[PDB]
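Notes to accompany the following structure.
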Amino acid sequence: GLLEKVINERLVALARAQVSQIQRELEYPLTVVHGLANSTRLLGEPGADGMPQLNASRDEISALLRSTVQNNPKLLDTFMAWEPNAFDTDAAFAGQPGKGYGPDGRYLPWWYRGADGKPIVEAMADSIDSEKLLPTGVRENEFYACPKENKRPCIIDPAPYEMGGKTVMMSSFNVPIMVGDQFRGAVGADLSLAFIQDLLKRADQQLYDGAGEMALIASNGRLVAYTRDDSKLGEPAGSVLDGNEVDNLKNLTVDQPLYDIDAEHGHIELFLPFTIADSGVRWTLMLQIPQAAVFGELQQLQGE
Amino acid sequence: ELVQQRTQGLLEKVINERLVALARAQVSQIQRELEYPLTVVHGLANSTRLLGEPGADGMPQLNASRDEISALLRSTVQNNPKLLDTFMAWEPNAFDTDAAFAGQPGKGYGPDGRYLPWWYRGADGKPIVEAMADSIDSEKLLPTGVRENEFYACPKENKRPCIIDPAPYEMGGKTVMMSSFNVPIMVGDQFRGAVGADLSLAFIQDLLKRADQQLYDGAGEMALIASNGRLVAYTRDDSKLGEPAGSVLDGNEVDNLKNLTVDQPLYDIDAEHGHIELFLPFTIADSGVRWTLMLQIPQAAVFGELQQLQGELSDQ
Ligand SMILES: CC(=O)OCC[N+](C)(C)C
Ligand SMILES: CC(=O)OCC[N+](C)(C)C
Ligand SMILES: [Ca+2]
């Protein structure tokens with residue numbers, strides 16, 4: 001039908017705007033940490049006098065990280081890990097705690113905000129080499145192993161980490177520190193799922209007057225956000241969504257919308273896969289809207 | 001017969017709502033792409049300000065030389081192919097004594113030592129630097145209605161990010177629209193300088209041309225109008241980019257743009273000229289930009305569609 005087509009084109013356009021709004025949120029941390037990687041690699045790149053182009057101390061690099069946290073309130077944190085002896089001699093820094101160094105001197109700072117909002121630092125010695133499987137299906141060290149192994153940017157699916165006495169679910173945005181063809185380390189920043197969820201909830205309230213719900217699904221099919229119920233974050237979409245929805249989640253092409261009508265529940269399903277910057281990472285936005293909210297004007301024309 | 005009017009009004013609403021949603025989608029896509037240069041230059045500003053912000057020891061948090069700051073700018077160009085350039089300018093004696101660096105323009109300094117590097121790519125793609133001494137203090141008006149130094153004066157005056165209305169630029173034997181994206185280097189409450197990068201806006205022309213094909217077999221036009229009234233994009237004709245929008249649109253409509261409200265759509269049915277227009281003002285981040293997307297549809301296309309929709313209702 002021609003009228004159905006005009007209504008459905010409105011729906012797709014509204015969904016596409018929700019995707020580009022989410023991309024703005026998710027591409028931002030990647031560009032932040034690209035900036036830090038593009039600066040830090042100058043520690044290892046000679047200049048016209050044969051000395052490093054950046055001769056910054058560890059205290060100065062940490063200042064850059066802390067300034068990132070300070071002036072990027074949307075980011076949960078900023079962190080960086082060097083390979084053993086990547087840019088200096090770790091042994092000179094061994095036995096110095098509370099600076100983000102491992103016990104052997106390896107540079108591993110994780111900067112985030114304490115209770116008063118002031119930045120504090122934790123060394124990632126415990127997680128950087130950990131093969132522990134977290135309950136969301138993510139290994140504890142994947143924020144570093146993935147950029148080390150693939151030598152390109154990595155976005156990690158939702159995972160819980162302990163932060164100042166509480167468990168925080170988060171996704172990390174990671175870039176390798178490359179000098180030539182050599183992996184020297186990686187730098188990253190997290191977004192909390194609570195942050196992404198709050199934004200998706202607010203965005204949903206402006207979509208068809210809030211009649212429906214949205215789900216953001218990571219590369220492993222687990223929920224980054226789910227406007228109906230915060231308790232489902234991190235959980236598999238296959239343990240929260242419909243048989244029909246879970247099937248449609250398998251029916252998707254690489255980057256192309258899937259439209260479906262769940263008559264059993266009287267709502268429209270729209271799945272839009274999308275990629276995050278040039279990282280090649282593909283997540284999915286799901287819109288679930290009551291049929292009456294989308295087709296109310298048709299209902300009104302036919303009703304009279 | 002009032003049933004006919006109520007029915008026609010509801011069909012027109014469905015049509016108008018589709019066009020509004022299409023407009024909002026172009027705005028959202030434009031905002032996604034144009035955050036990128038702001039994030040890059042925010043990173044450079046947030047590093048450079050540490051030259052003047054003390055630590056607990058009372059001493060600055062970053063003890064970097066001018067050469068090291070320039071290396072950060074050079075690395076930005078090298079590692080962001082989409083950016084045309086990256087440039088930074090300090091206030092006189094902002095972080096050191098300019099006079100100690102006088103007489104060395106080959107490093108991006110002014111003649112009396114002011115730090116003014118502009119880094120771009122030479123013919124072989126390797127970055128090279130030039131001093132901005134000839135532009136940094138110039139309030140000469142460009143055709144676009146901005147000062148030659150707007151990229152610096154606007155962040156100095158407003159102490160927040162500034163996106164300068166685009167200027168034409170030759171790229172690959174074609175003229176494209178180019179804007180700079182600028183942020184202040186703030187130490188406490190003090191403006192110390194600014195850092196920016198230029199980005200081509202050709203992707204907007206391409207975006208809007210593709211979107212304009214979705215509706216009415218491409219019979220409409222889409223435009224993006226800057227605050228100076230000039231065309232950032234115009235799907236009908238690449239040759240019009242950078243021209244006053246009043247050359248393709250009723251002049252008083254263009255004069256009216258300053259009165260519109262951000263994110264509020266506005267329809268104008270110009271029955272005299274047989275076109276309907278939808279305007280959608282928008283901004284970018286905290287830059288305070290005032291840009292307007294415009295969708296123009298011929299009345300004959302809409303009328304024909306309404307007849308088809310009524311025909312489908314009749315046949316029900
Ligand atoms: C416990 C720990 O060190 O976590 C580090 C990983 N990160 C920054 C992604 C949370
Ligand atoms: C080439 C070009 O875009 O001119 C503007 C350069 N700027 C803004 C650094 C002075
Ligand atoms: Ca369903």
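A note on labels: chains of the structure tokens are A, B, ... as shown, every chain counts residues from 1, and ligands are counted from 1 in their shown order.
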
Would you mind listing, for every residue of chain B within 6 Å of ligand 2, the two atoms forming the shortest contact and the distance between them in Å to one decimal, using only C-alpha atoms and all ligand atoms, sorted by chain and ascending residue number, as CSV?
```
residue,atom,partner,partner_atom_place_in_ligand_line,distance
B:87,CA,ligand 2,9 (C),5.7
B:118,CA,ligand 2,9 (C),6.0
B:180,CA,ligand 2,8 (C),5.9
B:198,CA,ligand 2,3 (O),5.9
```

Same residues, N, CA, C and O atoms, saved as a PDB file, in the first residue's frame:
```pdb
ATOM      1  N   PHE B  87      46.429  23.421  13.015  1.00  0.00           N
ATOM      2  CA  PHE B  87      47.137  24.668  13.242  1.00  0.00           C
ATOM      3  C   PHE B  87      46.877  25.092  14.674  1.00  0.00           C
ATOM      4  O   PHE B  87      45.832  24.776  15.266  1.00  0.00           O
ATOM      5  N   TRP B 118      51.090  26.407  11.313  1.00  0.00           N
ATOM      6  CA  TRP B 118      50.064  25.816  10.454  1.00  0.00           C
ATOM      7  C   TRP B 118      50.705  24.633   9.727  1.00  0.00           C
ATOM      8  O   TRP B 118      51.598  24.826   8.889  1.00  0.00           O
ATOM      9  N   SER B 180      36.755  25.379   9.143  1.00  0.00           N
ATOM     10  CA  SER B 180      37.683  25.092  10.239  1.00  0.00           C
ATOM     11  C   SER B 180      36.895  24.814  11.521  1.00  0.00           C
ATOM     12  O   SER B 180      35.785  25.329  11.743  1.00  0.00           O
ATOM     13  N   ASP B 198      41.038  22.063   9.570  1.00  0.00           N
ATOM     14  CA  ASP B 198      40.119  22.210   8.448  1.00  0.00           C
ATOM     15  C   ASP B 198      39.646  20.841   7.972  1.00  0.00           C
ATOM     16  O   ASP B 198      40.418  19.886   7.955  1.00  0.00           O
TER      17      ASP B 198
END
```

Near chain A, meaning an atom within 6 Å, which residues of chain B appear when counting only C-alpha atoms? Write them as a short mmCIF file (atom, residue, chain, number, x, y, z; two decimals) with N, CA and C atoms, in the first residue's frame.
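And here is the file that came out, part-v4.cif:
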```
data_model
loop_
_atom_site.label_atom_id
_atom_site.label_comp_id
_atom_site.auth_asym_id
_atom_site.auth_seq_id
_atom_site.Cartn_x
_atom_site.Cartn_y
_atom_site.Cartn_z
N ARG B 18 6.80 12.43 7.25
CA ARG B 18 7.89 11.73 6.59
C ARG B 18 9.00 12.72 6.22
N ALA B 21 10.98 13.73 9.26
CA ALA B 21 11.88 12.69 9.76
C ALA B 21 13.10 12.54 8.85
N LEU B 22 12.89 12.62 7.53
CA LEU B 22 14.04 12.60 6.61
C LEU B 22 14.99 13.74 6.88
N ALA B 25 17.04 13.11 9.97
CA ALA B 25 18.07 12.11 9.74
C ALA B 25 19.31 12.75 9.11
N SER B 28 21.17 14.59 11.88
CA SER B 28 21.85 13.68 12.82
C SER B 28 23.12 13.12 12.21
N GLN B 29 23.08 12.77 10.91
CA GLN B 29 24.27 12.29 10.24
C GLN B 29 25.33 13.38 10.16
N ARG B 32 27.00 13.70 13.47
CA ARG B 32 27.91 12.59 13.76
C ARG B 32 29.27 12.85 13.13
N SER B 47 45.90 18.66 25.97
CA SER B 47 47.32 18.44 26.22
C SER B 47 48.07 19.77 26.42
N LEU B 62 52.96 19.73 32.29
CA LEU B 62 53.62 19.34 31.05
C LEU B 62 54.76 20.32 30.82
N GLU B 68 58.13 20.07 20.69
CA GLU B 68 57.29 18.93 21.08
C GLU B 68 55.80 19.18 20.81
N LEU B 72 53.24 17.14 18.11
CA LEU B 72 51.87 16.69 18.31
C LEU B 72 50.98 17.15 17.16
#
```

As a ChimeraX atom specification, please: every residue in segment 163-299 of chain B that a backbone DSSP assignment puts in alpha helix (DSSP H). /B:202-212,251-256,299

Residue contacts of residue 94 of chain B (8 Å, only C-alpha atoms) excluding same-chain residues fewer than 4 positions away, as a list in words: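 Residues meeting the cut-off are residues 90, 192 and 193 of chain B.
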
Keeping only N, CA, C and O atoms, write the selected residues as a compact mmCIF listing (two decimals), in the first residue's frame.
```txt
# COMPACT_ATOMS: atom_id res chain seq x y z
N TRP B 90 49.23 30.77 19.75
CA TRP B 90 49.24 31.24 21.12
C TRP B 90 49.10 32.75 21.18
O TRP B 90 49.57 33.48 20.31
N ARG B 192 44.51 31.43 26.30
CA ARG B 192 45.94 31.43 25.98
C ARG B 192 46.22 31.22 24.51
O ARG B 192 47.36 31.39 24.07
N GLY B 193 45.23 30.85 23.72
CA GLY B 193 45.47 30.47 22.35
C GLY B 193 44.30 29.62 21.88
O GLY B 193 43.29 29.46 22.56
```

Using only C-alpha atoms and all ligand atoms, find each protein or nucleic acid residue lying at most 9 Å from ligand 1; present the set as a PyMOL selection string. chain A and resi 77-80+108-111+122-128+140-144+156+159-163+168+170-174+188-190

Neighbours of ligand 3 within 6 Å, counting only C-alpha atoms and all ligand atoms, as a PDB file with N, CA, C and O atoms, in the first residue's frame?
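The file below, part_13.pdb, is the result:
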```
ATOM      1  N   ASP A 242      12.329 -12.091  21.939  1.00  0.00           N
ATOM      2  CA  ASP A 242      11.366 -13.048  21.417  1.00  0.00           C
ATOM      3  C   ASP A 242      12.035 -14.092  20.545  1.00  0.00           C
ATOM      4  O   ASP A 242      13.089 -13.851  19.956  1.00  0.00           O
ATOM      5  N   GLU A 245      12.054 -12.323  17.440  1.00  0.00           N
ATOM      6  CA  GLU A 245      13.113 -11.323  17.441  1.00  0.00           C
ATOM      7  C   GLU A 245      14.495 -11.966  17.362  1.00  0.00           C
ATOM      8  O   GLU A 245      15.379 -11.473  16.642  1.00  0.00           O
ATOM      9  N   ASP A 262       5.492  -8.367  14.548  1.00  0.00           N
ATOM     10  CA  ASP A 262       5.131  -9.416  15.498  1.00  0.00           C
ATOM     11  C   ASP A 262       3.649  -9.287  15.813  1.00  0.00           C
ATOM     12  O   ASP A 262       3.255  -8.511  16.685  1.00  0.00           O
TER      13      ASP A 262
END
```
